[PDB]
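Let me begin by presenting the structure, written as structure tokens, before commenting on it.
Side chains included, hydrogens not; waters and symmetry mates left out as well; all remaining heavy atoms used. In what follows, chains carry the letters A, B, and so on, assigned in the order in which the sequence lines appear, proteins first and then strands, with residues in each chain numbered from 1.
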Amino acid sequence: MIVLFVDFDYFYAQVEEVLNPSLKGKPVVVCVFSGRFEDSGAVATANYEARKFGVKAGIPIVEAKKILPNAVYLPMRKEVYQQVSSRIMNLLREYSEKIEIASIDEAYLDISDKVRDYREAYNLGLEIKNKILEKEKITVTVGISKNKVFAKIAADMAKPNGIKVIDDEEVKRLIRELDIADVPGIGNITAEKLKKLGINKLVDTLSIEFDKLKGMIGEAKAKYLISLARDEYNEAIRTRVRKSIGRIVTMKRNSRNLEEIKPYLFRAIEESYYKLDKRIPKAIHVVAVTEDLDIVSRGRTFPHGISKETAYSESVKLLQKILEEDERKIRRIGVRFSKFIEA
DNA sequence: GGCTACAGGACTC
DNA sequence: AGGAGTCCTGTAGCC
Ligand SMILES: Nc1ccn([C@H]2C[C@H](O)[C@@H](COP(=O)(O)OP(=O)(O)O)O2)c(=O)n1
Ligand SMILES: [Ca+2]
Ligand SMILES: [Ca+2]
Ligand SMILES: [Ca+2]
Ligand SMILES: [Ca+2]
């Protein structure tokens, strides 16, 4: 198989530049303001000019401002970024029937039937980049390889505004040489667990006892890494269908008082139901983030769809369970709906 | 022994 | 010390 992966560069920040070209060449930081106090919140992303100085996704906005007090700080406008995303995805559909939209800024295309070899794949990648630049003035990075995982790795290597093929010989090189932390699905927690076992490369997973590997990282992750290391990985490129919709908000102060929390919970429900738009969930989960940043939840599945009135009443019962079973104060409160009726 | 539903761990964006 | 969404797993009831 020949897989072509597209990952949009500096996406939210790049969109803001397209809509305001005066931002060109300035550091730009897209922010998620929690509303708790002045500049409370985190960075969603930043462009190269800010990121090169350490302003990276997830850091507190106050910390970004200590590093770059004169950068341009913009509130996240996700609805804008989504609309631009959708248009770019529509452009990509023209290059393959076999296409997976993986996230707000990623797609995988199976181009096995559109091209013969990696040379033709590379050239199609150039054509795609040109098209997206022509139509939307957005730069992207293309990764091309034999499966989804190595196509994503290919793009990681070529970012930003790049294009890279990882041929069959380089897959073997990477199995030996790629830091296993840089494999998709391996975060800091798993990477450290693997270091405890002595595993630094994919190849290392082949010689460790399977039960040892599994005991530390679980069966699925073990089999995943081994299949990659064996160069025997397969994962379908296919239509992702949204399985859950939800909203969680930060409260102005921490609280374990039901009547103080209800209004935030009810706003989260209202916004969630708006986003559901015709989709009818059969399951509801209430999610709380405690003052110490632990996430706790309580959910329920019904044998029918959940009306908004039922969501209100059941959400309170689930929050009640959290308050009954946990003595801590709550900082963020929200809901997630799932198990949609197939309409 | 392996379904199911639920609560939490961990990852991606 | 944001916020959205997904997949896996330990546990316990049930067959
Ligand atoms: N922790 C994160 C990571 C990404 N995002 C959003 C903002 C990013 O522009 C897009 C795409 O993620 P990606 O990790 O590829 O980041 P960039 O494209 O480099 O900005 O998703 C976010 O809101 N929070
Ligand atoms: Ca990506
Ligand atoms: Ca990106
Ligand atoms: Ca990693
Ligand atoms: Ca059995």
Side-chain angles (χ1 to χ4, degrees), chain A residues 5-12 29-37 39-46 56-64 73 75-79 81-82 85 100-108 148-149 152 155-156 181-194 214-225 235 240-251 254 268 271-272 275-276 281-303 318 321-322 325-326 331-340:
Chain A
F5 170 77
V6 185
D7 184 323
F8 312 157
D9 301 319
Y10 302 108
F11 184 53
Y12 291 4
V29 184
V30 180
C31 299
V32 183
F33 297 98
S34 58
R36 215 167 155 86
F37 62 90
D39 290 333
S40 72
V43 175
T45 201
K56 64 165 186 300
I59 70 164
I61 293 163
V62 292
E63 292 305 314
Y73 289 86
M76 195 180 68
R77 306 196 281 163
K78 206 193 291 183
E79 289 171 41
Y81 317 140
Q82 184 54 71
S85 176
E100 172 170 341
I101 314 303
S103 73
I104 195 160
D105 79 332
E106 298 165 313
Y108 299 86
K148 291 214 301 197
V149 174
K152 175 170 270 206
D156 282 347
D182 298 326
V183 173
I186 308 302
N188 289 357
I189 289 175
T190 309
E192 283 305 312
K193 281 182 191 181
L194 290 165
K214 165 169 171 179
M216 210 89 301
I217 66 172
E219 188 184 348
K221 195 82 77 185
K223 290 182 173 183
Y224 172 72
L225 292 172
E235 180 189 347
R240 303 211 176 176
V241 174
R242 177 77 53 249
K243 292 183 170 152
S244 78
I245 296 283
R247 174 81 179 100
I248 179 156
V249 297
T250 297
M251 301 189 294
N254 295 170
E271 293 175 30
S272 293
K275 291 301 194 309
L276 281 164
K282 296 192 297 307
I284 172 171
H285 280 76
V286 171
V287 178
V289 178
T290 51
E291 61 193 315
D292 50 27
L293 308 185
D294 255 29
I295 300 89
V296 292
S297 72
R298 298 292 183 279
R300 177 168 188 183
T301 307
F302 293 77
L318 296 165
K321 282 194 208 171
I322 293 165
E325 297 165 10
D326 202 305
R331 175 179 169 103
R332 305 162 51 193
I333 188 65
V335 286
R336 181 149 294 275
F337 296 93
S338 63
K339 300 186 199 188
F340 305 140

Original post:
Quick one: which of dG2(C), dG3(C), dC11(B) gets closest to the side chain of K221(A)?
Top reply: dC11(B)
Subject >> Rounded distance in Å - CZ (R247(A)) to P (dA4(C)) >> reply: 4 Å
**OP:** Show the numbers, then the answer: is there a side chain to side chain donor-acceptor pair (under 3.5 Å) between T190(A) and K221(A)?
**Re:** CA-CA 9 Å; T190(A) 309; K221(A) 195 82 77 185; 5.0 Å; no
Subject >> Residue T190(A), side-chain atoms from C-beta onward, closest of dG2(C), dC8(C), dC11(B) >> reply: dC11(B)
**OP:** Rounded off to whole Å, could you give me the CD1-to-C1' distance for the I295(A) and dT6(C) pair?
**Re:** 15 Å
Original post:
Looking across every strand, which nucleic acid part, if any, lies under 4.0 Å from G246(A) by heavy atom: base, sugar-phosphate, or nothing?
Top reply: sugar-phosphate
Original post:
With sugar-phosphate meaning primed atoms plus P, OP1 and OP2, does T45(A) contact a base, only sugar-phosphate, or nothing at under 4.0 Å between heavy atoms?
Top reply: nothing
**OP:** Output yes when at least one side-chain N/O atom of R242(A) is less than 4.0 Å from OP1 or OP2 of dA4(C), else no.
**Re:** no
Original post:
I245(A) near the nucleic acid: base, sugar-phosphate alone, or nothing, with a heavy-atom cut-off under 4.0 Å?
Top reply: sugar-phosphate
Original post:
Out of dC7(C), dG2(C), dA1(C), which nucleotide sits closest to the side chain of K243(A)?
Top reply: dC7(C)
Original post:
In a check of ring-ring contact (aromatic ring centres under 6.0 Å, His included) between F8(A) and each of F5(A), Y10(A), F11(A), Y12(A), which one passes?
Top reply: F11(A)
**OP:** Tell me, yes or no, whether the heavy-atom count around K275(A) atom NZ, taken from other residues, nucleotides or ligands under 6.0 Å, exceeds 12.
**Re:** yes
Original post:
Taking OH from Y12(A) and P from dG2(C), how many angstroms apart are they, rounded to a whole number?
Top reply: 16 Å
Original post:
In chain order, what residues pass the salt bridge (charged side-chain N to carboxylate O under 4.0 Å, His left out) check against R332(A), with sequence neighbours excluded?
Top reply: none
Original post:
Contact class for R240(A) (heavy atom, under 4.0 Å): base, sugar-phosphate, or nothing?
Top reply: nothing
Subject >> Residues which pass salt bridge (charged side-chain N to carboxylate O under 4.0 Å, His left out) with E325(A), listed by chain and number, not counting sequence neighbours >> reply: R298(A)
**OP:** Specify the separation, in whole Å, of atom CD1 of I333(A) and atom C1' of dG3(C).
**Re:** 15 Å
Subject >> Spacing of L276(A) atom CG and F337(A) atom CZ [to the nearest 0.5 Å] >> reply: 7.0 Å
**OP:** Under 4.0 Å between any heavy atoms, over every strand shown, what does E219(A) touch: base, sugar-phosphate, or nothing? Just pick one.
**Re:** sugar-phosphate
Check nucleotides 4-7 of chain B against the protein and report each pair of N or O atoms closer than 3.5 Å, with its distance, or say if there are none.
| residue | atom | partner | partner atom | Å |
| --- | --- | --- | --- | --- |
| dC6(B) | OP1 | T301(A) | N | 3.2 |
| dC6(B) | OP2 | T301(A) | OG1 | 2.7 |
| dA7(B) | OP2 | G299(A) | N | 2.8 |

**OP:** Nearest whole angstrom, please: distance from the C1' of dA1(C) to the CD1 of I248(A).
**Re:** 14 Å
**OP:** Please answer whether the main-chain N or O of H285(A) pairs with a side-chain N or O of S297(A) as donor and acceptor at a distance below 3.5 Å.
**Re:** no
**OP:** Tell me, please, which residues at least two apart from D182(A) pass side chain to side chain donor-acceptor pair (under 3.5 Å).
**Re:** none
**OP:** Tell me which of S40(A) and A220(A) sits closer to the 5' end of DNA chain C, going by the nucleotide each one is nearest to.
**Re:** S40(A)
Original post:
NA contact type, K193(A), heavy-atom cut-off 4.0 Å: base, sugar-phosphate, or nothing?
Top reply: sugar-phosphate
Subject >> Base partner of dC3(B), which must satisfy Watson-Crick or wobble distances under 3.5 Å >> reply: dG13(C)
Original post:
Picking from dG2(C), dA4(C), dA1(C), which would you name as closest to the side chain of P60(A)?
Top reply: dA1(C)
Original post:
What's the CG-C1' distance between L276(A) and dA4(C), to the nearest Å?
Top reply: 13 Å
Original post:
If you draw a 6.0 Å radius around CG in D292(A), do more than 12 non-hydrogen atoms from other residues or ligands fall strictly inside?
Top reply: yes
Subject >> 5' priority, DNA chain C, between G41(A) and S244(A) [closest heavy atom] >> reply: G41(A)
Original post:
Between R336(A) (CZ) and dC7(C) (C1'), how many Å, whole number?
Top reply: 13 Å
Subject >> Interface with DNA chain C, restricted to residues 182-189 of chain A and to heavy atoms under 4.0 Å >> reply: none
**OP:** Output all residues satisfying salt bridge (charged side-chain N to carboxylate O under 4.0 Å, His left out) with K214(A), sequence neighbours left out; order by chain, then residue number.
**Re:** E219(A)
Original post:
Within the distance-only criterion (no hydrogens, no angle test), does the side chain of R336(A) pair as donor or acceptor with the backbone N or O of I284(A) below 3.5 angstrom?
Top reply: no
Original post:
Roughly how many Å is it from OH in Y224(A) to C1' in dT12(B), rounded to a whole number?
Top reply: 11 Å
